[PDB]
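J.: Quick one: this structure, given as structure tokens, is what I'll be asking you about.
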Amino acid sequence: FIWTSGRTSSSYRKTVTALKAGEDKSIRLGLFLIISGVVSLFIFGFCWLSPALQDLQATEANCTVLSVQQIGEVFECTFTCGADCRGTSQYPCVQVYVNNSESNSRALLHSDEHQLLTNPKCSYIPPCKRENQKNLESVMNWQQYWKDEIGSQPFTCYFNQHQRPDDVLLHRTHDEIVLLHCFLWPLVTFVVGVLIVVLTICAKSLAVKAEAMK
Amino acid sequence: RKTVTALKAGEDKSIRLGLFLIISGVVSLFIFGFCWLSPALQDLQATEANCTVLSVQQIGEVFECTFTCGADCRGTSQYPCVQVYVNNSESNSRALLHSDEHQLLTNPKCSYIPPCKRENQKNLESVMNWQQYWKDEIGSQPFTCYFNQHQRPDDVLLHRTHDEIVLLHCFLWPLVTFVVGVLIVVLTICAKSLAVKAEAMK
Amino acid sequence: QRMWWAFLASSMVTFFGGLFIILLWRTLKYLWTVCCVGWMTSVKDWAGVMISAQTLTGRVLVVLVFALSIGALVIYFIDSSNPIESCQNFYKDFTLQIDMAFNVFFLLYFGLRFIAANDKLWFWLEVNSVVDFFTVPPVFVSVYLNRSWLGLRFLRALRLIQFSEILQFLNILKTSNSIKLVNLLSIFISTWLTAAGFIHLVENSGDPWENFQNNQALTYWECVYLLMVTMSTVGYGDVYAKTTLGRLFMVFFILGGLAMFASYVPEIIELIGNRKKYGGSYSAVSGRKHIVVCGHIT
Amino acid sequence: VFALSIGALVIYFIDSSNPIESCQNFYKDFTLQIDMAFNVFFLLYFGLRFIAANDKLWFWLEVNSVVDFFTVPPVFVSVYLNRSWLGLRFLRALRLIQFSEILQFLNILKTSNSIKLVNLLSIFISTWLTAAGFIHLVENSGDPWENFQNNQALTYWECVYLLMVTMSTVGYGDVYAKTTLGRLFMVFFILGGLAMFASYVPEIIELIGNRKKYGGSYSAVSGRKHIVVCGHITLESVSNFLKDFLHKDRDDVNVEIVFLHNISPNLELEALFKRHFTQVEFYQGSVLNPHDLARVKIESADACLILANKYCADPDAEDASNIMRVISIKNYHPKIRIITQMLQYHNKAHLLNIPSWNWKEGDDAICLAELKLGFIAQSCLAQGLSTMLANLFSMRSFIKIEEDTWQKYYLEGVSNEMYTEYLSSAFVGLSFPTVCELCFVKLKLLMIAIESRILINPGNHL
Amino acid sequence: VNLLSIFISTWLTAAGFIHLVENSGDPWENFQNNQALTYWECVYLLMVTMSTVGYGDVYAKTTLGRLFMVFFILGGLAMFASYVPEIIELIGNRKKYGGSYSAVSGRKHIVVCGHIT
Ligand SMILES: CC(C)CCC[C@@H](C)[C@H]1CC[C@H]2[C@@H]3CC=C4C[C@@H](O)CC[C@]4(C)[C@H]3CC[C@]12C
Ligand SMILES: CC(C)CCC[C@@H](C)[C@H]1CC[C@H]2[C@@H]3CC=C4C[C@@H](O)CC[C@]4(C)[C@H]3CC[C@]12C
Ligand SMILES: CC(C)CCC[C@@H](C)[C@H]1CC[C@H]2[C@@H]3CC=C4C[C@@H](O)CC[C@]4(C)[C@H]3CC[C@]12C
Ligand SMILES: [Ca+2]
Ligand SMILES: [K+]
Ligand SMILES: [K+]
Ligand SMILES: [K+]
Ligand SMILES: [K+]
Ligand SMILES: [Mg+2]
């Protein structure tokens with residue numbers, strides 16, 4: 001068939017009873033779980049490597065706001081309405097600038113790395129709630145709550161002089177729990193695979209002793 | 001005749017290798033020759049000239065540059081457009097200056113582009129800085145320029161976009177591959193034929 | 001709060017706790033030697049007769065299994081059109097009551113096959129036992145929790161593997177060609193549907209390292225179509241997997257699914273269409289004589 | 001060597017996630033120290049293979065020498081320069097080619113099928129990974145005539161996925177090479193990689209899954225007898241045997257039937273065994289193998305039945321094969337009851353000289369030619385008696401139809417078989433004719449004979 | 001040599017024809033739907049089409065180009081499917097056990113022949 005066409009012609013002691021077959025299938029399973037657990041550990045390790053280093057390279061700092069302002073420009077958010085319905089609405093842009101613990105110089109605040117990447121030109125984005133008036137109201141609400149925060153309390157912040165060279169975050173975007181589960185359950189798979197092999201060999205060898213006893 | 005021992009197999013493998021390097025070098029020479037042909041002719045067809053600026057001005061319109069921030073992060077920022085017009089040695093008529101062929105092709109409507117550095121204010125500051133440095137260059141010194149009446153019919157460049165060194169390496173190392181392939185065949189045949197003379201000597 | 005892990009945990013705990021209990025019973029049976037026809041056989045024989053179609057009740061049970069496998073598959077097909085996780089009232093959800101009853105019947109059929117089994121550990125590792133551990137416990141958990149997750153419910157399609165066996169039990173399939181055709185069709189369809197369900201689960205729930213943000217909203221039938229396009233090697237590219245796990249699954253399926261398609265589709269098409277062109281019989285005409293010629297015809 | 005090849009491959013996989021060229025401190029980079037040590041070990045292993053080599057020039061041109069020249073020197077240069085380039089490091093994946101050879105050295109791989117499977121897997125995976133690394137290098141570093149501006153940011157795993165899609169001929173088009181060198185490489189790989197995939201993937205899938213379905217051994221059940229059947233086993237032979245053995249006119253016997261044959265049963269025999277699922281078991285083996293004889297538990301079987309090929313081309317060859325089977329069974333267990341079919345009578349005489357052949361204990365050689373010629377001779381004393389005798393053995397139910405035809409009467413007569421059982425103390429002390437006229441229609445039973453042992457139709461004096 | 005010559009000449013000729021047809025549009029469309037395809041781009045497209053990979057990044061867009069593509073798909077795939085395995089079988093027919101024994105001074109050797117299994 002689709003492999004070439006026409007394949008170009010044709011181009012190609014046993015004292016234990018039946019229990020032996022079930023026990024050899026149990027060895028197979030336990031070995032396959034050992035391999036699965038190790039392979040999945042490496043697969044998840046390669047997938048988590050870049051996110052985990054990009055997170056580790058960002059240090060904790062103490063921050064204080066230098067200023068809060070609007071740049072007068074506006075941007076599109078997308079608002080949603082069931083099945084696939086979406087349209088766009090404007091929001092006004094705030095910028096916020098902040099004191100920094102590693103560079104001791106100006107940097108622009110970005111609430112989280114998704115906000116930084118969805119609009120790196122701007123400091124905050126409202127959840128899009130239909131009309132422009134509600135976006136502007138929600139930006140003005142956040143703006144007023146940030147503008148009076150002057151040295152009130154040095155809030156902790158996250159920074160990376162190598163890849164966020166003048167940008168600052170309020171949150172870690174890397175959930176430790178999700179990473180923990182991604183490395184724990186492959187380890188559980190491996191441990192269960194070892195115990196299945198061990199109990200199968202323990203049962204198999206005790207069957208011979210219980211046979212020779214008779 | 002088969003007086004040679006096991007060494008025959010290593011020497012025939014050495015002939016194979018030397019022949020494969022000869023073929024590789026010739027084939028890669030033709031492959032690189034077809035790839036360099038259009039760039040090298042588009043470069044050769046552009047003559048050197050002496051230029052002088054007629055005027056420096058802004059067209060009032062603005063354009064997007066893209067600014068970058070790690071992994072894949074990019075956004076866009078405006079820059080104001082300058083145009084610059086220049087005296088020409090082949091057509092003796094108006095042409096628009098474009099700093100290099102990549103600038104010409106990224107925005108042919110405009111004469112310069114700032115490296116995008118976040119906010120609009122820094123782009124406008126950097127355009128005003130370049131503009132002021134170009135506006136007072138009136139006959140100060142006829143700076144050399146590159147032109148092609150056949151494919152840049154009213155457009156002029158400050159630089160060659162074709163690096164001679166990169167082309168030189170692209171044709172040199174396939175030639176080295178070919179010469180090494182010949183020397184391997186020659187030394188293998190020289191060793192093979194001297195082994196017969198040293199055998200007959202005994 | 002989300003509960004996806006409770007359904008999955010109930011299946012894993014069922015499969016591995018049973019496996020460990022069997023292996024511990026074996027170990028401790030021989031370890032008792034350190035410290036030192038029956039009714040069991042009669043019930044094992046009765047269960048083995050019921051499992052086969054040797055009695056009217058056994059035939060009824062086998063037909064019920066055949067019908068309820070398709071019923072559960074259709075129930076999964078209905079649910080595949082809804083959101084991935086949701087809250088739904090058991091006392092007011094006819095499909096959840098029907099699924100509850102179907103899984104009761106499958107639990108009973110599992111219990112009968114366990115009693116009839118010769119080597120328990122061999123039975124625990126028979127794949128239609130595995131299909132029951134990965135499809136029966138999560139229905140019980142859902143009916144208890146008054147919530148559902150569309151998790152490993154696509155494994156219901158693996159129930160089609162036993163169709164040829166239970167047709168042979170019912171004295172329906174006798175010829176080798178028909179048996180082979182049914183086997184090939186069952187294996188092809190069950191593999192296709194199961195693989196489509198798994199890629200549907202993986203595409204609709206994104207990558208954990210990407211924080212589940214790169215999920216692709218793919219319907220189950222869209223995934224079925226994508227799998228068919230991929231198996232046949234057409235590869236349109238209009239629909240394709242985008243998540244890392246989806247592509248990792250696609251790479252492993254490309255090795256197996258193309259060899260299955262390339263082997264099974266020609267063989268199925270050869271098995272069908274084996275009709276005799278020259279059959280039938282001559283129809284005599286009144287008033288006209290006819291002559292029969294035989295022997296050396298060339 | 002086996003471990004460190006995988007270690008170096010994993011190190012390359014780690015590095016493939018970083019930028020193409022970078023500066024990194026050797027004294028503070030555990031992966032660069034580990035790579036340094038791994039390449040020291042490979043340099044030593046290279047030196048040993050060079051010393052062991054017979055023709056040096058042949059060794060210098062062996063491809064795992066070439067793989068060391070293209071992977072060891074650049075590690076040394078990197079450790080000296082305190083910098084790394086992800087250049088030709090994908091050639092580390094070619095180290096998997098020697099895995100089968102070093103497994104054969106370790107006395108692990110012996111069978112041809114396993115050796116071929118390992119070779120195919122190693123060649124496929126190493127080719128795939130190496131080609132993926134090369135296309136990754138070429139795509140991430142653009143064309144020199146385009147001044148390296150048309151580069152495509154492709155990850156190594158993205159290139160691996162693209163290569164798999166291309167090899168299988170699926171060609172999604174979501175990911176593809178865009179540079180001129182990348183496409184030129186794609187064109188040459190399409191010629192070789194598709195022929196490799198189309199050839200190796202079916203052959204690997206054939207090599208795997210070669211499992212014996214009918215393995216294992218019979219498990220005896222306490223309180224229930226079992227019977228081992230061997231010799232000429234085929235769909236019609238088993239179907240005819242099971243119709244007579246399991247007939248409803250016998251009493252409630254629960255004797256299990258175990259078949260031993262060296263040919264895997266076809267789909268129609270497997271269906272026949274499934275229709276008898278609780279009474280028939282089959283095990284694939286040779287009757288001449290004591291291991292198989294122990295598997296079918298022939299040491300505890302009630303008897304062993306040996307069916308014969310009555311329509312064989314060579315009766316002498318068939319008789320010899322049956323004689324060998326009897327010899328093997330008796331050699332394994334002298335005290336096993338053996339019932340066999342013998343085509344000729346001289347071969348029956350040959351067989352009865354076996355030291356363990358005990359006709360008193362119950363060894364019956366059913367000679368076909370003898371019994372058929374005896375039945376023909378009894379038809380010469382009374383015509384129809386061959387039919388009369390033959391119908392007394394085959395188990396047959398009553399069949400009745402409304403038509404008044406000779407067939408109705410014939411079938412009514414055919415419904416009777418010959419049986420054997422012990423008879424009441426209420427008939428002890430009477431004459432044989434008297435108990436016959438008593439049994440005839442009151443009990444509805446006819447007696448031909450009684451247990452000076454076997455007496456055919458006793459006189460009135462007994 | 002015959003297979004290689006026929007394969008390469010067929011490939012290059014077909015690529016040139018599809019290059020001509022794509023760069024000069026359809027007369028009923030007044031030559032306005034022409035696609036600027038280079039000769040090497042057409043060669044790559046033909047290879048992708050012959051092997052049945054079908055990326056879709058490059059494809060014919062003119063009516064004549066597609067009409068040519070349809071007729072080439074019938075012939076070019078049968079040529080590729082037949083010739084590429086046969087060429088790969090013809091190459092690589094090397095004898096693994098060639099060469100000759102090299103005697104070692106001070107050590108004796110024994111030659112064994114006949115029934116070897
Ligand atoms: C008898 C055996 C097979 C049962 C299988 C184990 C299953 C049923 C067990 C394992 C973990 C358990 C869950 C653990 C946590 C919770 C959350 C709680 O708010 C309700 C109970 C619930 C939801 C449990 C339900 C039963 C559960 C899912
Ligand atoms: C259902 C799960 C959760 C528990 C399994 C029950 C286990 C522990 C018990 C119940 C009955 C037991 C079986 C009873 C009879 C036999 C036959 C003997 O020749 C092998 C052991 C075996 C097969 C026993 C193994 C252990 C066993 C299967
Ligand atoms: C490692 C690189 C840099 C140098 C290699 C060493 C060179 C100079 C020397 C050292 C050992 C030498 C080999 C020693 C023994 C033999 C066997 C003889 O019958 C033919 C010459 C031959 C095959 C020699 C060839 C040249 C040789 C390989
Ligand atoms: Ca009767
Ligand atoms: K294809
Ligand atoms: K395709
Ligand atoms: K395609
Ligand atoms: K495509
Ligand atoms: Mg049984």
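Following the order of the structure tokens, first chain is A, next is B, and so on, with residues numbered from 1 inside each chain and ligands from 1 in the order they appear.
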Which residues of chain A are close to chain E, meaning at most 7 Å apart when you count only C-alpha atoms, and how do they look as a VMD selection string?
T.: chain A and resid 4 to 5 8
J.: Compute the set of chain C residues within 12 Å of chain E, using only C-alpha atoms, and express it as an NGL selection string.
T.: :C and (230 or 232-238)
J.: Which residues of chain D have any atom within 7 Å of an atom in chain C when counting only C-alpha atoms, and what is the closest pair of atoms for each, with the distance in Å to one decimal? Order the rows by chain and rising number and write it as a Markdown table.
T.:
```
| residue | atom | partner | partner_atom | distance |
| --- | --- | --- | --- | --- |
| D:161 | CA | C:251 | CA | 6.7 |
| D:164 | CA | C:251 | CA | 6.7 |
| D:169 | CA | C:233 | CA | 6.0 |
| D:170 | CA | C:233 | CA | 4.4 |
| D:171 | CA | C:235 | CA | 5.4 |
| D:172 | CA | C:237 | CA | 4.3 |
| D:173 | CA | C:237 | CA | 5.8 |
| D:174 | CA | C:237 | CA | 6.5 |
| D:201 | CA | C:255 | CA | 7.0 |
| D:202 | CA | C:259 | CA | 6.4 |
| D:222 | CA | C:37 | CA | 6.5 |
| D:223 | CA | C:37 | CA | 4.7 |
| D:224 | CA | C:37 | CA | 6.8 |
| D:267 | CA | C:176 | CA | 5.3 |
| D:268 | CA | C:176 | CA | 5.7 |
| D:271 | CA | C:168 | CA | 6.0 |
| D:274 | CA | C:169 | CA | 6.4 |
| D:275 | CA | C:169 | CA | 5.8 |
| D:277 | CA | C:52 | CA | 6.9 |
| D:278 | CA | C:48 | CA | 6.2 |
```
J.: May I have the selected residues written with N, CA, C and O atoms, as a compact mmCIF listing (two decimals), in the first residue's frame?
T.:
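Generated output (selection-v8.txt):
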```txt
# COMPACT_ATOMS: atom_id res chain seq x y z
N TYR D 161 10.45 16.79 15.52
CA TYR D 161 9.06 16.58 15.10
C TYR D 161 8.90 16.80 13.60
O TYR D 161 8.20 16.03 12.93
N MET D 164 10.25 13.77 11.80
CA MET D 164 9.32 12.64 11.86
C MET D 164 8.17 12.83 10.88
O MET D 164 7.80 11.90 10.15
N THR D 169 6.02 10.84 5.54
CA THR D 169 5.35 11.50 4.42
C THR D 169 4.03 12.19 4.76
O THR D 169 3.25 12.48 3.87
N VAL D 170 3.75 12.49 6.03
CA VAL D 170 2.52 13.17 6.41
C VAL D 170 2.53 14.60 5.90
O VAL D 170 1.58 15.06 5.25
N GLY D 171 3.62 15.33 6.15
CA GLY D 171 3.78 16.68 5.66
C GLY D 171 2.68 17.64 6.06
O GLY D 171 1.91 18.10 5.21
N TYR D 172 2.59 17.95 7.36
CA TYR D 172 1.56 18.87 7.82
C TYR D 172 1.74 20.25 7.22
O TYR D 172 0.77 20.88 6.79
N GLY D 173 2.97 20.74 7.18
CA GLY D 173 3.24 22.09 6.73
C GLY D 173 3.21 23.14 7.82
O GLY D 173 3.51 24.31 7.53
N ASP D 174 2.85 22.78 9.05
CA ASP D 174 2.92 23.73 10.15
C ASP D 174 4.36 24.14 10.43
O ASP D 174 4.64 25.32 10.70
N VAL D 201 10.36 0.66 9.71
CA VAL D 201 9.22 0.69 10.64
C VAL D 201 8.36 -0.57 10.55
O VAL D 201 8.09 -1.15 11.60
N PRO D 202 7.99 -1.09 9.37
CA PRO D 202 7.31 -2.38 9.26
C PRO D 202 8.17 -3.53 9.77
O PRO D 202 7.67 -4.38 10.48
N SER D 222 -8.34 -30.65 41.31
CA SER D 222 -8.58 -31.76 42.23
C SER D 222 -10.01 -32.27 42.08
O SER D 222 -10.96 -31.49 42.03
N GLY D 223 -10.15 -33.60 41.99
CA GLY D 223 -11.44 -34.22 41.85
C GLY D 223 -11.95 -34.37 40.44
O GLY D 223 -12.99 -35.00 40.23
N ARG D 224 -11.24 -33.81 39.45
CA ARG D 224 -11.65 -33.89 38.06
C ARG D 224 -10.51 -34.45 37.23
O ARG D 224 -9.37 -33.99 37.36
N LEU D 267 -8.00 -19.84 12.67
CA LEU D 267 -9.13 -19.10 13.25
C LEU D 267 -10.38 -19.97 13.47
O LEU D 267 -11.10 -19.76 14.44
N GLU D 268 -10.64 -20.97 12.62
CA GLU D 268 -11.79 -21.86 12.77
C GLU D 268 -11.61 -22.87 13.90
O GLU D 268 -12.57 -23.16 14.62
N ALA D 271 -12.11 -20.77 17.09
CA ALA D 271 -13.54 -20.65 17.29
C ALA D 271 -14.16 -21.95 17.82
O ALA D 271 -15.00 -21.90 18.72
N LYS D 274 -13.30 -22.08 21.46
CA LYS D 274 -14.16 -21.11 22.17
C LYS D 274 -15.60 -21.60 22.34
O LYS D 274 -16.19 -21.38 23.40
N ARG D 275 -16.17 -22.34 21.39
CA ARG D 275 -17.48 -22.98 21.58
C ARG D 275 -17.47 -24.08 22.64
O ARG D 275 -18.52 -24.39 23.19
N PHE D 277 -15.37 -23.75 25.50
CA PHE D 277 -14.43 -23.02 26.35
C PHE D 277 -14.22 -23.64 27.72
O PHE D 277 -13.11 -23.59 28.24
N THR D 278 -15.25 -24.26 28.32
CA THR D 278 -15.09 -24.81 29.66
C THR D 278 -14.66 -26.27 29.68
O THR D 278 -14.37 -26.79 30.76
```
J.: For a test of reading the model, state the distance in Å between atom CA of residue A:106 and atom CA of residue A:122, rounded to one decimal.
T.: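 Computed distance, atom CA of residue A:106 to atom CA of residue A:122, equals 15.1 Å.
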J.: Which residue, C:70, C:30, C:213, C:201, has the smallest gap to chain A when you use only C-alpha atoms?
T.: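 Checking each candidate against chain A, we get C:30 as the closest.
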J.: Can you work out which residues from chain A touch chain B at a cut-off of 8 Å (counting only C-alpha atoms) and hand them back as number ranges by chain?
T.: A: 116-121, 163-164
J.: Between atom CA of residue D:428 and atom CA of residue D:442, what is the distance in Å, rounded to a tenth?
T.: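 A separation of 17.3 Å between them.
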J.: Please extract the residues at most 10 Å from ligand 2, counting only C-alpha atoms and all ligand atoms, and provide them as a compact mmCIF listing (two decimals) with C-alpha atoms, in the first residue's frame, using the chain letters and residue numbers of this document.
T.:
```
# COMPACT_ATOMS: atom_id res chain seq x y z
CA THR A 17 2.30 -24.50 36.72
CA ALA A 18 0.25 -21.93 34.82
CA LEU A 19 1.10 -19.13 37.34
CA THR C 14 -8.15 0.22 41.85
CA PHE C 15 -5.69 -1.21 39.29
CA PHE C 16 -2.54 -1.14 41.48
CA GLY C 17 -4.20 -2.02 44.82
CA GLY C 18 -5.76 -5.09 43.23
CA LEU C 19 -2.40 -6.04 41.67
CA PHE C 20 -0.59 -5.61 45.01
CA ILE C 21 -3.29 -7.50 46.94
CA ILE C 22 -2.99 -10.44 44.53
CA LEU C 23 0.85 -10.43 44.77
CA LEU C 24 0.72 -10.15 48.60
CA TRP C 25 -1.76 -13.06 48.79
CA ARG C 26 0.59 -15.14 46.65
CA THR C 27 3.62 -14.21 48.80
CA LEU C 28 1.80 -14.89 52.10
CA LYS C 29 0.38 -18.23 50.79
CA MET C 40 -14.98 -23.31 44.61
CA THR C 41 -14.51 -25.36 41.41
CA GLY C 111 -17.04 -10.00 38.74
CA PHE C 114 -12.94 -12.76 37.65
CA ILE C 115 -14.71 -15.76 39.27
CA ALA C 117 -10.70 -16.82 35.63
CA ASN C 118 -8.07 -19.54 36.03
CA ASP C 119 -4.98 -17.42 36.83
CA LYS C 120 -6.14 -14.32 38.72
CA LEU C 121 -2.95 -12.36 38.08
CA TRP C 122 -3.24 -13.26 34.38
CA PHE C 123 -6.84 -11.99 34.48
CA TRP C 124 -5.88 -8.77 36.33
CA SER D 219 -3.31 -26.67 35.74
CA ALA D 220 -4.78 -29.84 37.22
CA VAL D 221 -8.05 -29.63 39.14
```
J.: Among the residues of stretch 6-203 of chain A, find those DSSP assigns to helix (DSSP H, G or I) from the backbone and print them as a PyMOL selection string.
T.: chain A and resi 6-8+19-56+113-118+132-147+176-203
J.: Could you list, as a tab-separated table (two decimals) with N, CA, C and O atoms, in the first residue's frame, the residues of chain D having an atom within 9 Å of chain E when counting only C-alpha atoms?
T.:
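out-v6.tsv, written as the output of this step:
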```
chain	number	residue	atom	x	y	z
D	54	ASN	N	44.12	-3.25	13.41
D	54	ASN	CA	45.03	-3.94	12.51
D	54	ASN	C	45.53	-3.01	11.41
D	54	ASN	O	46.73	-2.76	11.28
D	165	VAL	N	7.62	14.04	10.83
D	165	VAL	CA	6.51	14.32	9.92
D	165	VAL	C	6.94	14.15	8.47
D	165	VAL	O	6.20	13.60	7.65
D	166	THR	N	8.15	14.59	8.16
D	166	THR	CA	8.67	14.48	6.80
D	166	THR	C	8.94	13.03	6.42
D	166	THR	O	8.61	12.59	5.32
D	167	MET	N	9.56	12.22	7.30
D	167	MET	CA	9.91	10.80	7.07
D	167	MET	C	8.70	9.93	6.79
D	167	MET	O	8.71	9.12	5.87
D	168	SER	N	7.66	10.07	7.60
D	168	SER	CA	6.40	9.35	7.47
D	168	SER	C	5.58	9.79	6.25
D	168	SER	O	4.58	9.18	5.91
D	169	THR	N	6.02	10.84	5.54
D	169	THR	CA	5.35	11.50	4.42
D	169	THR	C	4.03	12.19	4.76
D	169	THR	O	3.25	12.48	3.87
D	170	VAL	N	3.75	12.49	6.03
D	170	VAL	CA	2.52	13.17	6.41
D	170	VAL	C	2.53	14.60	5.90
D	170	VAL	O	1.58	15.06	5.25
D	171	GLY	N	3.62	15.33	6.15
D	171	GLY	CA	3.78	16.68	5.66
D	171	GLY	C	2.68	17.64	6.06
D	171	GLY	O	1.91	18.10	5.21
D	172	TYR	N	2.59	17.95	7.36
D	172	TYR	CA	1.56	18.87	7.82
D	172	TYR	C	1.74	20.25	7.22
D	172	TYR	O	0.77	20.88	6.79
D	173	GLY	N	2.97	20.74	7.18
D	173	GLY	CA	3.24	22.09	6.73
D	173	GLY	C	3.21	23.14	7.82
D	173	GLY	O	3.51	24.31	7.53
D	174	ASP	N	2.85	22.78	9.05
D	174	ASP	CA	2.92	23.73	10.15
D	174	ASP	C	4.36	24.14	10.43
D	174	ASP	O	4.64	25.32	10.70
D	175	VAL	N	5.28	23.19	10.38
D	175	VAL	CA	6.70	23.44	10.57
D	175	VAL	C	7.43	22.94	9.33
D	175	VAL	O	7.20	21.80	8.89
D	176	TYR	N	8.29	23.78	8.76
D	176	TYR	CA	9.06	23.39	7.59
D	176	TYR	C	10.30	24.26	7.51
D	176	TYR	O	10.37	25.34	8.11
D	183	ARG	N	16.36	23.81	2.95
D	183	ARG	CA	15.58	23.12	1.93
D	183	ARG	C	16.44	22.18	1.09
D	183	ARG	O	15.96	21.14	0.65
D	184	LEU	N	17.68	22.55	0.81
D	184	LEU	CA	18.62	21.71	0.08
D	184	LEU	C	18.92	20.44	0.88
D	184	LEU	O	18.89	19.35	0.33
D	186	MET	N	16.73	19.24	3.14
D	186	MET	CA	15.44	18.57	3.12
D	186	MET	C	15.27	17.73	1.87
D	186	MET	O	14.79	16.59	1.93
D	187	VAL	N	15.67	18.27	0.72
D	187	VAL	CA	15.58	17.52	-0.53
D	187	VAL	C	16.47	16.29	-0.47
D	187	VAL	O	16.07	15.19	-0.87
D	190	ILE	N	14.84	13.69	2.00
D	190	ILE	CA	13.62	13.08	1.48
D	190	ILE	C	13.96	11.84	0.64
D	190	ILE	O	13.20	10.87	0.65
D	191	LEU	N	15.10	11.79	-0.04
D	191	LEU	CA	15.45	10.62	-0.83
D	191	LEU	C	15.81	9.43	0.06
D	191	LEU	O	15.42	8.29	-0.22
D	192	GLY	N	16.60	9.66	1.11
D	192	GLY	CA	17.12	8.61	1.99
D	192	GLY	C	16.21	8.27	3.17
D	192	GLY	O	15.92	7.11	3.43
D	194	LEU	N	12.93	8.65	3.75
D	194	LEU	CA	11.67	7.97	3.44
D	194	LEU	C	11.90	6.49	3.12
D	194	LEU	O	11.13	5.65	3.56
D	195	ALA	N	12.95	6.15	2.38
D	195	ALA	CA	13.31	4.76	2.11
D	195	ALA	C	13.69	4.03	3.41
D	195	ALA	O	13.28	2.89	3.60
```
J.: Could you make a table, as CSV, of the residues of chain A that have an atom within 9 Å of an atom of chain C, each with its nearest atom pair and distance in Å to one decimal, counting only C-alpha atoms, in chain and number order?
T.:
```
residue,atom,partner,partner_atom,distance
A:1,CA,C:262,CA,5.7
A:2,CA,C:262,CA,6.2
A:3,CA,C:262,CA,7.0
A:18,CA,C:119,CA,7.2
A:19,CA,C:119,CA,6.3
A:21,CA,C:122,CA,7.1
A:22,CA,C:122,CA,4.3
A:23,CA,C:121,CA,7.3
A:25,CA,C:125,CA,7.4
A:26,CA,C:125,CA,7.7
A:29,CA,C:125,CA,8.7
A:44,CA,C:209,CA,8.6
A:47,CA,C:209,CA,6.7
A:48,CA,C:209,CA,5.9
A:51,CA,C:209,CA,7.0
A:52,CA,C:209,CA,8.9
A:173,CA,C:211,CA,8.7
A:174,CA,C:211,CA,8.0
A:175,CA,C:211,CA,8.1
A:178,CA,C:208,CA,6.7
A:179,CA,C:209,CA,7.5
A:182,CA,C:208,CA,7.9
A:192,CA,C:16,CA,8.4
A:195,CA,C:20,CA,8.8
A:196,CA,C:20,CA,7.4
A:199,CA,C:23,CA,6.3
A:200,CA,C:23,CA,6.7
A:202,CA,C:27,CA,6.8
A:203,CA,C:27,CA,4.7
A:204,CA,C:27,CA,8.4
A:206,CA,C:30,CA,5.9
A:207,CA,C:30,CA,6.0
A:209,CA,C:30,CA,8.0
A:210,CA,C:30,CA,5.7
A:211,CA,C:30,CA,8.9
A:213,CA,C:33,CA,7.9
```
J.: Any idea which chain D residues end up within 12 Å of chain A if we count only C-alpha atoms, as a PyMOL selection string please?
T.: chain D and resi 10-19+155-157+167-170+194-204+206+212-221+283+290-297
